[PDB]
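Pasting an experimental structure with its sequence.
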Amino acid sequence: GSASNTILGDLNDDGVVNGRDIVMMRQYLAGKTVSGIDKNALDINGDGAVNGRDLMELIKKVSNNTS
Ligand SMILES: [Ca+2]
Ligand SMILES: [Ca+2]
C-alpha cells in the first residue's frame, strides 16, 4: 500500500492504477495465490470483499489513468 495504508486500485503496489493491477485482480478472483499483491487493495469499491464489482472499479481506474 502507498501513503494511506492501502491504495485501492493499486494491487501490484506500484503507486498507479495500471493494467498490471487487472492481472493481480484476475489472479485472486480466479483463486490464485498472488505473491506480491496488496490483497486489501483489491476491494476498490469498499464493500469488504474482493468481487467483480472491484474488477469493474479497477477497469474504471485503469481506463481513465493508465492501462
Ligand atoms: Ca498498479
Ligand atoms: Ca468489493
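Thanks, I have it. Residues are numbered from 1 along each chain as shown. Ligands and ions are numbered 1, 2, ... in the order given.

Mind telling me what element residue 22 is part of?
Using DSSP states H and E, residue 22 falls within helix 19-30.

Does that helix reach ligand 2?
No. Using C-beta under 5 Å from the ion, helix 19-30 never reaches ligand 2; the gap is at least 10.7 Å. To be clear about C-beta, it is placed using only N, CA and C from the backbone, and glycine gets the same treatment.

In this structure residue 55 contacts residue 25, no?
Yes. Assessed by C-beta atoms under 8 Å, residue 55 is found in contact with residue 25 at 5.2 Å.

Between those two, tell me which one has more neighbours.
residue 25 (27 against 19; other C-beta atoms under 10 Å).

Could you pull up the residues touching the more buried one?
Shown in contact with residue 25 (C-beta atoms under 8 Å, 6 or more residues apart in numbering): 11, 42, 54-55, 58.

Pick out whichever of those residues sits closest to residue 17.
Within the contacts of residue 25, proximity to residue 17 (C-beta to C-beta) peaks at residue 58, which comes in at 7.1 Å.

Restricting to C-alpha, output the helix or strand containing that closest one in PDB.
Taking DSSP H and E as the definition, residue 58 sits inside helix 52-64. C-alpha atoms of helix 52-64 as PDB (Å, rounded to 0.1, in the frame of the first residue of the first chain):
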ATOM      1  CA  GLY A  52     -16.100  -8.400  -9.700                       C
ATOM      2  CA  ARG A  53     -17.500  -5.100  -8.600                       C
ATOM      3  CA  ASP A  54     -14.000  -4.200  -7.700                       C
ATOM      4  CA  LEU A  55     -12.700  -5.500 -11.000                       C
ATOM      5  CA  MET A  56     -15.200  -3.200 -12.700                       C
ATOM      6  CA  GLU A  57     -13.900  -0.300 -10.500                       C
ATOM      7  CA  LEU A  58     -10.400  -1.300 -11.400                       C
ATOM      8  CA  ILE A  59     -11.300  -1.200 -15.100                       C
ATOM      9  CA  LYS A  60     -12.700   2.300 -14.400                       C
ATOM     10  CA  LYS A  61      -9.500   3.500 -12.800                       C
ATOM     11  CA  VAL A  62      -7.200   1.900 -15.300                       C
ATOM     12  CA  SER A  63      -9.200   3.000 -18.300                       C
ATOM     13  CA  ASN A  64      -9.100   6.600 -17.100                       C
END
